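Worksheet: one structure, shown below.
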Amino acid sequence: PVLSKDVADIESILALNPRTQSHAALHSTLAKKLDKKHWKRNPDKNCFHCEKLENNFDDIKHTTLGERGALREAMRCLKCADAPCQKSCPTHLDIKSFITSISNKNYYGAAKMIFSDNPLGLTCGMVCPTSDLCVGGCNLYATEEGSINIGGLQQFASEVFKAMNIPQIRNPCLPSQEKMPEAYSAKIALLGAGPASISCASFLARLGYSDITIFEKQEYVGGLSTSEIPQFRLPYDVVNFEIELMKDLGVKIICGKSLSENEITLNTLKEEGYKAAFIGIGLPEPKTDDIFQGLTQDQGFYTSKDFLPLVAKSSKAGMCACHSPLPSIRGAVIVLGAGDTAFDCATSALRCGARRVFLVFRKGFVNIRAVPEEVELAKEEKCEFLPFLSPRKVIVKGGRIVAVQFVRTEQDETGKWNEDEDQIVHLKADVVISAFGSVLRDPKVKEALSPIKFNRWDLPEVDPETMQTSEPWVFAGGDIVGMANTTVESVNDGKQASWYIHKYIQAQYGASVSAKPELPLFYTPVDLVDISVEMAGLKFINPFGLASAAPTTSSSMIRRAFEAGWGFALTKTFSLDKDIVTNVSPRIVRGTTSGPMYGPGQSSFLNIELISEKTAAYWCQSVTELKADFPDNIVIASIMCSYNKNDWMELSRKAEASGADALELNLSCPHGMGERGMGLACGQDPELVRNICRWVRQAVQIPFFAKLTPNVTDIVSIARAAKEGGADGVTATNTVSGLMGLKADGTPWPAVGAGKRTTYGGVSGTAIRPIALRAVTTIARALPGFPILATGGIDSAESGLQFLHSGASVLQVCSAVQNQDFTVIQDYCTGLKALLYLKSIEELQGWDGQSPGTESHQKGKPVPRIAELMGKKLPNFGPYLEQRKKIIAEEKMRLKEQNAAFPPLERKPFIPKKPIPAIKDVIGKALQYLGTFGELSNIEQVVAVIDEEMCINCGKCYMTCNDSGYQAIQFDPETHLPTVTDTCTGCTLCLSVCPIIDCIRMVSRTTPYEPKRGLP
Amino acid sequence: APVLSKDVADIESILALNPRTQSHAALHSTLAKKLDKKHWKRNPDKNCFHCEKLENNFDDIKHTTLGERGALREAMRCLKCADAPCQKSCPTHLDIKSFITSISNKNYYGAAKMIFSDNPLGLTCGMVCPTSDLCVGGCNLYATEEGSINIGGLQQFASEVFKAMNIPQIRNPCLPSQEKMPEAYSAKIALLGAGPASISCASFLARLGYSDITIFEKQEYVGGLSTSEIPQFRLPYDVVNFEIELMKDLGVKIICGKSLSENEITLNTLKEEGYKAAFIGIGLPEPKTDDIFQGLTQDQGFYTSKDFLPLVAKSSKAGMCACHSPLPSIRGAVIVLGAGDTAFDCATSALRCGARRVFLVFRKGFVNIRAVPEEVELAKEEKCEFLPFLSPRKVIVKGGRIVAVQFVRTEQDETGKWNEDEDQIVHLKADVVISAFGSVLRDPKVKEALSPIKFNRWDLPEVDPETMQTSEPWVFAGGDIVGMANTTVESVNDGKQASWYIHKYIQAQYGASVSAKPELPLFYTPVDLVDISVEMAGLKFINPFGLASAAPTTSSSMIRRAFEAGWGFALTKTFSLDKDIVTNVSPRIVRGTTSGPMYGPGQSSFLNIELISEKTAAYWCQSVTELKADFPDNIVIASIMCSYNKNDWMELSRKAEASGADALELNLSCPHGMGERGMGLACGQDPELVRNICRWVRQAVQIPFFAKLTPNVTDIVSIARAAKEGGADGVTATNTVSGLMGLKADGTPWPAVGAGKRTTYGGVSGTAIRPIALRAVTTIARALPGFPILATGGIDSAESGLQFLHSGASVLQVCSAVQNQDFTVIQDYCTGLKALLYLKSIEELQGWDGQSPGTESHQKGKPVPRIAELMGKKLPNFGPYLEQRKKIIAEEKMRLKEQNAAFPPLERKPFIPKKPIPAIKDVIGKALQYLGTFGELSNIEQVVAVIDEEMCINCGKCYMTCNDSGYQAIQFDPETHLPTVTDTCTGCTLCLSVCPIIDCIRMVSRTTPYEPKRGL
Ligand code: SF4
Ligand code: SF4
């Protein structure tokens, strides 16, 4: 047969494979009109009908992220200096740092940074109106691709930490309870269990106060987060999660107790010995209108204060002991107002079975104060909007509302608003929901706050800086003060109040506090993990250090690195005065190794930089200064001489004498003849390496390490030469010999001088990580126990741990700091603590480090595991999507009677059930899996299998198998769903190109396997 | 000395905004946060009730416009899907996959050629297509959190680049010379109306070869609604002109001032004058009117959209008219009636005329608005008001001017039927009224001129919807006039569809048949005539691109399909003698981690542990015979491997020669000896072994052969020299780099084979190893000038291919870019290389880098206003500074108004090549002269960085990179977040390398005295 031609069966499987076309395509406009609907993904502009949402409380947020999408967005963030997003965050979150942590896969460290400044961090990630806060200031707004989804990233990192089931601990900088001064046992009362009080009580507990009680009126906790924000924006178990973190600190909550003239008053608090009080009861009553007096819920009328708690009680499992039904909202619904509560009323009414929702407001569209986040949800659910209408009268017939009459408004000269008596609208309705805002009106509650001063807004007056009322021992914050409009501002009110309550209580016991306010960070048991390590007789407080390179250009930069937390540092390579050099410029350029992606996260750099331009006298004085001020931080002096015994002995002794803990020998100097085509660098010839090491070993008594080039046939040869010469370890590796490319006219970059000259340079960064990782592993297997200092693409705790697993003991970093700044050390440390701690948790063994097992999702939202949706060839577009939504909707209806909510889950943390590993316990554990090719099994073959529910129908697996594989994948012409057939060889290309993490998995082959031989 | 390792006061203060690690939570009162948010605001303010001023401001407001930086990033993101649904959803069926692929590869000519092949109005459409209802509505990436691709903006960018290139369209180069075309092609063809439908029809007819095509246009201007009504701030008029001149390149004639009308042009007069075919493309020329508006005049303030929008167009589009038109003075309140897309253009255009307020008033509800959300968003963002459920009834006129319009309320019932309530009236004040009720064909003289064709119930010409033929077989019709098309792209498609069947009709009238499958020609320019052949080692290649010996050449049927796609040459997968049969393991090919957790397209590397071909030598030898029989012009090179055995290498090389291989490639990867005498394990790492193998093969075969080198050697030049001494005719540089691609957090590797989860060192391929392959190719070409080089290692575009040619290679092998995609990238590489060579002959484009225009100062890809008071004033694009920029820009627009001069739109004439177009032999090795030793690099010509404040996006990355990786030389202003490079810059170039805006930072000659920093 013709071996170079596909048989019919294979020609058929390739039917959809791309081919170069030779003509323009003919398709009629009508034919295209009919075919458009088959593929449609987004809303149809011609559809006027709301999709049925009855009793559907699934997440409708556009900002929710799964891990794949979060990692992408986190790498996109520029991680800016003095970031404007943080300035625009009411709780001043270090967004630069937590997003950096996410891009580094360090989700614990992101959450810790988030909850450090905001103890309701998962709530706020979900509900902050970020367009009017952090996101509104994002520098990436000045790009076509737009601002960063800060809220969703906050939500993602915080969800992962929640799944970790790790508890908050007592501030570990505090003395033992025993030894705490008596002022910290002061009895503290907080009123109302909402965001304001939860924040305040948390920070007070962080400071060490041991007798903190929140008195809550209702039998549920969390305030409006629980009673009114919809389940389909904020799930109740988020609220429960953040309450339990606060309770880990010892804060008490007593439900069913009210601030009210006949119960809790300031007077009674004072009679019972309380030393300070925080008022965070919010705005508990609806703003009402005379037009609606006497209307009952059963006639069809609700305020937002009546309607939203009813819906929350029915849909939020565990909110109440009573299971309660969903309100019977049938027919046409009018929502009054254009604030953000009105839009939640409109969307919640759809969940209760409304046929039609009208939002009616008295001003225009240009006057809607609602954030567009919120407006879009109502718009995409086909609510109707009516402006310039003021209510005048509700029509009641036969005991139920039948219509509302309105008058038109308009804006005049002044801009003052008028009402047009002659211009009326008679709007039919069966239900009316007023969303006019909220107030504090109840005289009995107001009297319980006597005698604090109220302002003309009829709310307690406070000092905006301290949150103190006119009674020095009473503070207030949140909605009740009237400045906060958002959850995060109310959190910030309690946070601000916490410092000044603390100041007040200490002063009542005769003790002062610092004039600089200093609230503690957030802590868990992860932060107590020991990540020190011992290497070549030296003690490293953590395994991360700065490589000899541009971040160590000046010893003042090493100083700031140590102040930030880096365990050790290398001096930039320096030489004797005879060998002074002068750098050229330009000399450091971005790598082209991952295409034209500019800004953060460059996948490589190339440099043509020489040794330090600073003298040996400078570096030696500097090393002495650094070791004087930072005795616990390791300083290694990097030095270079030419091939000359007296110079190497002179320079090493000079550096030893200065107080270096150790030396690093830079083997990059060129030698004599070249001789046997064995490179021009000293470090390429094992005989020169061995001699150089022998010289230094004679001269000094401190440890010294030889820094090895990867640009050799066998690096194990030069490693063993170094050991044979006396070295105490090796550093693996320096940069890879390379050229970063040319402009289109042929001129290089870097291009030096008018002649546009370059020379070969050194490639660094994550593009050389496979090379340095191979070098470390290969030295670690050939020279067991020989200390290795790893260098090459280390940019995270996770990548660092790969190098530790491969035999290295400590971790040098250059390019990752070039891509950022010194503060990445805090990410690296908390990340490594979290990775070691997680090894002790049985319940998380299925995770890969800090990543949960990937489950079936679309757009990071869990696929409904319904019977009728699965196995049934329904991709997420076109008429198949319509059928999916019809299936989901009927199940939600079946879910309204098949009605359970009585198996929640006490949230108890995972306890370590094995000891937490130290660095010495993990070093070199990967080597057991490394071997020759003959040691790999060829009996145990795998095949690919595709999860249809996670597929996004791109066909890349199909194109890759067609033009780089075995033509083993069927791609359906109607559903664009792939299926791996039995001809799969398990090569694993398809999985490698798929854009959805874990959509394709390799599994053990169960059918007989036969290699394809072409001919017998 | 002082303290050398501490920053002096002046440095300390430069470092003021440098990130530092945090030990405490930050206290900031909520009030202070409210008062600081305003300073950093980038995006719209929900509290802003007030449109900025836009009178006489016709700048681009499109959300989708892209600069190169943004376009590359979005093109890189596209999944480049098989059987793409975006293309399914495009009415002209553009190959979106291909053209976006070309954009990601920097091949803007290829992208534009692919666009205009199927859409002769490709630039217009990229600007104005309602993509959310078309191609973007079907995009698979809608199913990710980051959302669908900006297809229109990508199409705009590539077409805009091609426009600047000033390359003309050429006559279809497959046609015979005009002199020997059949007589049928000289048939006189008439088209009526010079809008999109006729421009597209005439273009495609001219492509087919017809030489006598005339468009008769009623007005004095050409372009249809693209000219007369679509606003300048969405579609600049020079776009329309550019597309018209592309038509005229094909010889189509346009005659203005003559109408399809009684007493002018009629089908009867066309027939009598010998016209053989006619296409009616006159659109809908008249406004749909309402009896309520009878008698009202422009003087009173009434317009239809057909009156108003051409008035604004005439005044704002330079080159429409000879009449410098005064902008209609539209002061006060404007009512626009309707909610189709024309209404929204009237709204935004009214503001440009000085309207104080605009009311869009429509007779149904919001859910019933038919306009695409992109069009609505523009009016809503500019603060137009929207009034639903109003039907107009009376227009009140006082003092010769409209003073008000009064309406009645509309309503729906059960039946879905729309009623008007007489008792529910709105009296709205207004000075100007513009009806946007749609357009119609109503002139009796025009319809009469179409006699006797049949008209349907909507009084429109009936067509067969597949052929666009009217009831008269020689008369065709398309566009708005047929009532099917709603868009520019569908109108273009109507003319495209009609052109095939006009061709069929005309050829039949001259007694000739046409093919049963429609074959419209593609779009061609002189670039397509560029020769990209190359000779090397006695072999002729039709282009320099080939498939490397790898997974894309797993089977010979795959090679066959690659040759059918256009590939110049191909390597077999390495094969060997039967006794050397192997068996692959699995998994064995995985994705690179070299650029972080980015999944899907454009993987920066792969790692493989694959062996030689599992298929026999007999299969490969037979396959090479069949491929050479069927593709005599494509080079087939057999890749072969034996152990270090003379008889084996002679036997296998003779077998491959006898099969018909053009040449052989010796895979020097086999082991021999134990391996680390400085020369490792594989034969390719020892020069003596390479010399001997090449001697053996040279004795055995007379066809050329090349040794494939491994980069895993101390000195790759010595291996190339040894091969050359042994008789090789060239070297392939290089194979994969040995590496280990990473470990999971538990220490297991990937790939992991078997239950033991074992692995071995693999080979790294793709763009992450390009610097290594580029260096190897460069060092060989300089050490052994003229010795042929086949380059491999990360080649993924014509641009990167030319880098390797410039560096001394003659041909280019690809593997990983195909694994990332499919075989059809070859068409991108060929057109890209043609364009790069063509442009080297164009004097006017000498400032570009290849196909990249020089970067002009921009924000979000829109050129910043060159206004004096806007420049150097320290006005970043946020906060109170943005608001000042907006005032200054609007004042300048106003000064440009009261002087109404300047109407000189440059006439368009193509750039002529001034020297011959370079061949491949012209460019080979031409960059090598820029390489040198370090000692030939000048240290007297230093540079410094300089920042363009107008392009900056205020991230401070330059600042943090210079602070923690440089010389603390940048001042970052704490209020404006603008950086300034100071005189302490060393030109190291790190800041430029990390900046996210292409060319925002430039390295310029240093003009101040330079002292290296010696610290001493
Ligand atoms: S594992 Fe390889 S052979 Fe199997 S379907 Fe994927 S690409 Fe094809
Ligand atoms: S890195 Fe570029 S965009 Fe960012 S502040 Fe510096 S110059 Fe501006």
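For the structure tokens, the naming scheme is as follows: chains receive sequential letters (A, B, ...) according to their order of presentation, residues are indexed from 1 within each chain, and ligands are indexed from 1 in presentation order.
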With a distance cut-off of 9 Å and only C-alpha atoms, select the neighbouring residues of range 974-981 of chain B, excluding the residue or stretch itself and same-chain residues fewer than 3 positions from it, and output the selection as an NGL selection string.
(:A and (81-82)) or (:B and (16-17 or 39-40 or 874-876 or 878 or 881 or 944-947 or 949 or 952-956 or 958-959 or 969-971 or 984-985))
The selected residues should be written to file as a short mmCIF file (atom, residue, chain, number, x, y, z; two decimals), in the first residue's frame (atoms: N, CA, C and O atoms).
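Contents of selection-v7.cif, as written:
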```cif
data_model
loop_
_atom_site.label_atom_id
_atom_site.label_comp_id
_atom_site.auth_asym_id
_atom_site.auth_seq_id
_atom_site.Cartn_x
_atom_site.Cartn_y
_atom_site.Cartn_z
N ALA A 81 4.61 50.06 42.49
CA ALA A 81 5.13 50.77 43.65
C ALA A 81 4.09 51.76 44.16
O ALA A 81 3.35 52.36 43.37
N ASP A 82 4.04 51.95 45.48
CA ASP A 82 3.13 52.93 46.08
C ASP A 82 1.75 52.87 45.41
O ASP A 82 1.17 53.88 45.02
N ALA B 16 12.10 56.84 48.93
CA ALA B 16 10.96 57.05 49.82
C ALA B 16 9.76 56.18 49.47
O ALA B 16 9.10 55.65 50.36
N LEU B 17 9.44 56.03 48.19
CA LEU B 17 8.31 55.20 47.79
C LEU B 17 8.68 53.75 47.47
O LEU B 17 7.84 53.00 46.97
N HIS B 39 -7.90 61.39 44.34
CA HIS B 39 -6.62 61.74 43.75
C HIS B 39 -6.18 60.74 42.68
O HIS B 39 -5.56 61.14 41.69
N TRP B 40 -6.51 59.45 42.85
CA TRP B 40 -5.98 58.38 42.01
C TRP B 40 -6.98 57.87 40.96
O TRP B 40 -6.63 56.99 40.17
N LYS B 874 3.29 68.02 33.52
CA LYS B 874 3.14 67.09 34.65
C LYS B 874 1.66 66.78 34.89
O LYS B 874 1.13 66.98 35.98
N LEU B 875 1.00 66.27 33.86
CA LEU B 875 -0.42 65.96 33.93
C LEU B 875 -0.58 64.48 33.59
O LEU B 875 -0.84 64.13 32.43
N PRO B 876 -0.41 63.59 34.57
CA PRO B 876 -0.72 62.17 34.33
C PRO B 876 -2.20 61.97 34.07
O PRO B 876 -3.04 62.84 34.31
N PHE B 878 -4.81 60.57 35.36
CA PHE B 878 -5.73 60.17 36.41
C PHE B 878 -6.03 61.36 37.31
O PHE B 878 -5.31 62.36 37.31
N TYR B 881 -5.57 65.59 37.64
CA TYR B 881 -4.74 65.88 36.47
C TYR B 881 -5.43 65.45 35.17
O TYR B 881 -5.28 66.12 34.14
N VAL B 944 22.17 56.55 28.64
CA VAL B 944 21.32 56.77 29.80
C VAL B 944 19.89 56.50 29.36
O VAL B 944 19.57 56.56 28.17
N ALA B 945 19.02 56.19 30.32
CA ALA B 945 17.60 56.02 30.02
C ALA B 945 16.88 57.37 30.04
O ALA B 945 17.27 58.30 30.75
N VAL B 946 15.81 57.45 29.25
CA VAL B 946 14.95 58.64 29.21
C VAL B 946 13.52 58.16 29.00
O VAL B 946 13.27 57.27 28.18
N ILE B 947 12.59 58.73 29.77
CA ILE B 947 11.21 58.26 29.85
C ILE B 947 10.28 59.27 29.19
O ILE B 947 10.39 60.48 29.42
N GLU B 949 6.98 60.76 29.36
CA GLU B 949 5.90 60.93 30.32
C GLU B 949 4.52 60.73 29.71
O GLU B 949 3.57 60.40 30.42
N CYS B 952 3.77 56.83 29.77
CA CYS B 952 3.90 56.13 31.03
C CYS B 952 2.52 55.79 31.60
O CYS B 952 1.55 56.52 31.42
N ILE B 953 2.43 54.65 32.29
CA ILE B 953 1.20 54.31 33.01
C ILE B 953 1.43 54.21 34.53
O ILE B 953 0.64 53.58 35.24
N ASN B 954 2.53 54.81 35.01
CA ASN B 954 2.71 55.20 36.42
C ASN B 954 2.83 54.02 37.38
O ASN B 954 2.53 54.14 38.58
N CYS B 955 3.31 52.88 36.89
CA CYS B 955 3.44 51.69 37.71
C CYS B 955 4.67 51.72 38.62
O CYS B 955 4.69 51.01 39.63
N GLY B 956 5.70 52.51 38.28
CA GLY B 956 6.89 52.56 39.12
C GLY B 956 7.80 51.36 39.04
O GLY B 956 8.70 51.22 39.87
N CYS B 958 10.11 50.71 36.75
CA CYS B 958 11.45 51.21 36.48
C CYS B 958 12.13 51.62 37.78
O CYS B 958 13.30 51.29 38.02
N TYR B 959 11.38 52.31 38.64
CA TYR B 959 11.84 52.77 39.94
C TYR B 959 12.25 51.62 40.85
O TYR B 959 13.38 51.59 41.35
N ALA B 969 18.65 55.65 40.68
CA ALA B 969 18.81 56.81 39.81
C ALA B 969 17.50 57.43 39.36
O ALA B 969 17.54 58.45 38.66
N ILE B 970 16.35 56.87 39.74
CA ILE B 970 15.05 57.34 39.27
C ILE B 970 14.27 57.98 40.42
O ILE B 970 14.15 57.38 41.50
N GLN B 971 13.74 59.18 40.18
CA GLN B 971 12.82 59.85 41.08
C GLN B 971 11.38 59.49 40.70
O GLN B 971 10.99 59.63 39.54
N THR B 984 22.56 60.13 37.59
CA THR B 984 23.33 59.03 38.14
C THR B 984 23.06 57.72 37.40
O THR B 984 23.65 56.70 37.76
N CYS B 985 22.20 57.75 36.38
CA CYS B 985 21.97 56.60 35.51
C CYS B 985 23.27 56.08 34.91
O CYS B 985 24.14 56.86 34.51
#
```
List as a Markdown table every residue of chain A that is in contact with ligand 2, defined as an atom at most 9 Å from one of its atoms (using only C-alpha atoms and all ligand atoms), together with the nearest atom pair and the distance in Å rounded to one decimal, sorted by chain and then rising number.
```
| residue | atom | partner | partner_atom_place_in_ligand_line | distance |
| --- | --- | --- | --- | --- |
| A:78 | CA | ligand 2 | 4 (Fe) | 8.4 |
| A:80 | CA | ligand 2 | 4 (Fe) | 8.0 |
| A:81 | CA | ligand 2 | 5 (S) | 8.7 |
| A:599 | CA | ligand 2 | 1 (S) | 7.4 |
```
Please save N, CA, C and O atoms of the selected residues as a short mmCIF file (atom, residue, chain, number, x, y, z; two decimals), in the first residue's frame.
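Dumped everything to out-v1.cif:
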```cif
data_model
loop_
_atom_site.label_atom_id
_atom_site.label_comp_id
_atom_site.auth_asym_id
_atom_site.auth_seq_id
_atom_site.Cartn_x
_atom_site.Cartn_y
_atom_site.Cartn_z
N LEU A 78 0.72 44.47 37.32
CA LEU A 78 2.05 45.08 37.30
C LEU A 78 2.72 45.13 38.67
O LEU A 78 3.92 45.43 38.73
N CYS A 80 2.60 47.22 41.37
CA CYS A 80 3.11 48.58 41.28
C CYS A 80 3.68 49.10 42.60
O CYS A 80 3.31 48.64 43.69
N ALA A 81 4.61 50.06 42.49
CA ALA A 81 5.13 50.77 43.65
C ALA A 81 4.09 51.76 44.16
O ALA A 81 3.35 52.36 43.37
N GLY A 599 6.63 43.87 30.61
CA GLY A 599 6.28 44.22 31.96
C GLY A 599 6.61 43.11 32.92
O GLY A 599 7.70 42.52 32.87
#
```
Kindly work out which residues sit at most 12 Å from ligand 1, using only C-alpha atoms and all ligand atoms, and give the list as a PyMOL selection string.
(chain A and resi 941-946+955-971+978-994+1000-1005+1011-1012) or (chain B and resi 551-552+554+585-590+610+819-820)
Pick from B:502, B:658, B:402, B:772, whichever lies nearest to chain A using only C-alpha atoms
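Comparing B:502, B:658, B:402, B:772 against chain A, the winner is B:772.
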Tell me which protein, DNA and RNA residues are within 7 Å of range 662-664 of chain A, counting only C-alpha atoms, leaving out same-chain ones fewer than 4 positions away, and put them as JSON, numbers by chain.
{"A": [636, 637, 638, 639, 702, 703, 704, 705, 706, 707]}
If you count only C-alpha atoms, which residues fall within 8 Å of range 606-619 of chain A, apart from same-chain ones fewer than 3 positions away, as a PDB file with C-alpha atoms, in the first residue's frame?
```pdb
ATOM      1  CA  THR A 553      25.330  45.996  43.002  1.00  0.00           C
ATOM      2  CA  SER A 555      26.288  46.908  49.856  1.00  0.00           C
ATOM      3  CA  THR A 571      28.528  40.349  47.182  1.00  0.00           C
ATOM      4  CA  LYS A 572      28.770  41.231  43.547  1.00  0.00           C
ATOM      5  CA  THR A 573      31.931  39.608  42.191  1.00  0.00           C
ATOM      6  CA  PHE A 574      34.982  41.737  42.953  1.00  0.00           C
ATOM      7  CA  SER A 575      38.677  41.526  42.142  1.00  0.00           C
ATOM      8  CA  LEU A 576      42.048  43.060  42.971  1.00  0.00           C
ATOM      9  CA  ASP A 577      42.763  46.647  41.939  1.00  0.00           C
ATOM     10  CA  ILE A 580      39.581  46.847  37.535  1.00  0.00           C
ATOM     11  CA  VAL A 581      36.947  46.806  34.777  1.00  0.00           C
ATOM     12  CA  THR A 582      34.584  49.322  33.173  1.00  0.00           C
ATOM     13  CA  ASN A 583      31.093  48.180  32.188  1.00  0.00           C
ATOM     14  CA  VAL A 584      29.483  49.081  28.896  1.00  0.00           C
ATOM     15  CA  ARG A 587      24.132  45.760  29.063  1.00  0.00           C
ATOM     16  CA  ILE A 588      20.994  44.061  30.498  1.00  0.00           C
ATOM     17  CA  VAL A 589      17.985  43.306  28.262  1.00  0.00           C
ATOM     18  CA  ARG A 590      14.693  41.471  28.613  1.00  0.00           C
ATOM     19  CA  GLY A 591      14.451  37.903  27.397  1.00  0.00           C
ATOM     20  CA  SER A 622      31.134  46.739  53.543  1.00  0.00           C
ATOM     21  CA  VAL A 623      31.265  43.053  54.529  1.00  0.00           C
ATOM     22  CA  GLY A 738      23.305  32.949  24.756  1.00  0.00           C
ATOM     23  CA  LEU A 739      22.188  35.622  22.305  1.00  0.00           C
ATOM     24  CA  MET A 740      18.796  37.277  22.784  1.00  0.00           C
ATOM     25  CA  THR A 759      28.998  39.970  22.314  1.00  0.00           C
ATOM     26  CA  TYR A 760      27.649  36.699  23.639  1.00  0.00           C
ATOM     27  CA  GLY A 761      25.981  37.172  27.001  1.00  0.00           C
ATOM     28  CA  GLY A 762      24.501  35.199  29.900  1.00  0.00           C
ATOM     29  CA  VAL A 763      20.844  34.117  29.999  1.00  0.00           C
ATOM     30  CA  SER A 764      19.200  34.065  33.471  1.00  0.00           C
TER      31      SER A 764
ATOM     32  CA  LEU B   4      29.758  52.480  52.985  1.00  0.00           C
ATOM     33  CA  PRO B1012      32.060  54.700  36.951  1.00  0.00           C
ATOM     34  CA  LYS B1013      30.942  54.262  40.564  1.00  0.00           C
ATOM     35  CA  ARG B1014      33.907  52.768  42.446  1.00  0.00           C
ATOM     36  CA  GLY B1015      32.571  53.120  46.018  1.00  0.00           C
ATOM     37  CA  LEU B1016      36.146  53.121  47.460  1.00  0.00           C
TER      38      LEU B1016
END
```
Got a sec: who's within 9 Å of residue 91 in chain A, counting only C-alpha atoms, leaving out chain neighbours fewer than 5 positions off, as JSON, numbers by chain?
{"A": [86, 117, 118, 488, 489, 491, 492, 495], "B": [26, 27, 28, 29, 30, 33]}
Could you save the residues just selected, with N, CA and C atoms, as a compact mmCIF listing (two decimals), in the first residue's frame?
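Output saved as again22.txt:
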```txt
# COMPACT_ATOMS: atom_id res chain seq x y z
N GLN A 86 -4.11 50.31 46.32
CA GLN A 86 -4.05 50.23 47.78
C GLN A 86 -4.46 51.55 48.41
N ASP A 117 -4.94 43.06 57.16
CA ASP A 117 -5.56 44.38 57.16
C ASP A 117 -7.08 44.37 57.06
N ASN A 118 -7.71 43.22 56.85
CA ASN A 118 -9.16 43.13 56.67
C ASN A 118 -9.64 41.75 57.11
N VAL A 488 -16.41 47.09 53.49
CA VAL A 488 -14.99 47.28 53.77
C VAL A 488 -14.77 48.57 54.58
N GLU A 489 -15.54 49.62 54.28
CA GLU A 489 -15.48 50.82 55.10
C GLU A 489 -15.95 50.55 56.53
N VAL A 491 -15.73 47.63 58.13
CA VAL A 491 -14.56 46.94 58.68
C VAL A 491 -13.50 47.94 59.09
N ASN A 492 -13.23 48.93 58.23
CA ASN A 492 -12.19 49.91 58.53
C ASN A 492 -12.57 50.77 59.72
N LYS A 495 -11.69 48.70 62.76
CA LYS A 495 -10.23 48.72 62.82
C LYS A 495 -9.71 50.03 63.41
N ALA B 26 -2.13 48.66 58.88
CA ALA B 26 -2.11 50.10 58.62
C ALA B 26 -3.38 50.80 59.10
N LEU B 27 -3.22 51.88 59.85
CA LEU B 27 -4.35 52.68 60.34
C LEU B 27 -4.60 53.86 59.40
N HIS B 28 -5.80 53.91 58.81
CA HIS B 28 -6.20 55.02 57.95
C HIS B 28 -7.69 55.22 58.17
N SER B 29 -8.11 56.40 58.64
CA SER B 29 -9.53 56.58 58.92
C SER B 29 -10.34 56.55 57.64
N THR B 30 -11.61 56.18 57.78
CA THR B 30 -12.47 56.05 56.61
C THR B 30 -12.64 57.40 55.91
N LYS B 33 -9.68 58.09 53.82
CA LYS B 33 -9.73 57.26 52.62
C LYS B 33 -10.69 57.85 51.59
```
Non-local contacts of residue 397 in chain B (12 Å; only C-alpha atoms; under 4 positions in same chain excluded) as a list in words
residues 293, 295, 296, 297, 299, 300, 301, 302, 401, 402, 403, 404, 405, 406, 429, 430, 431, 432 and 433 of chain B
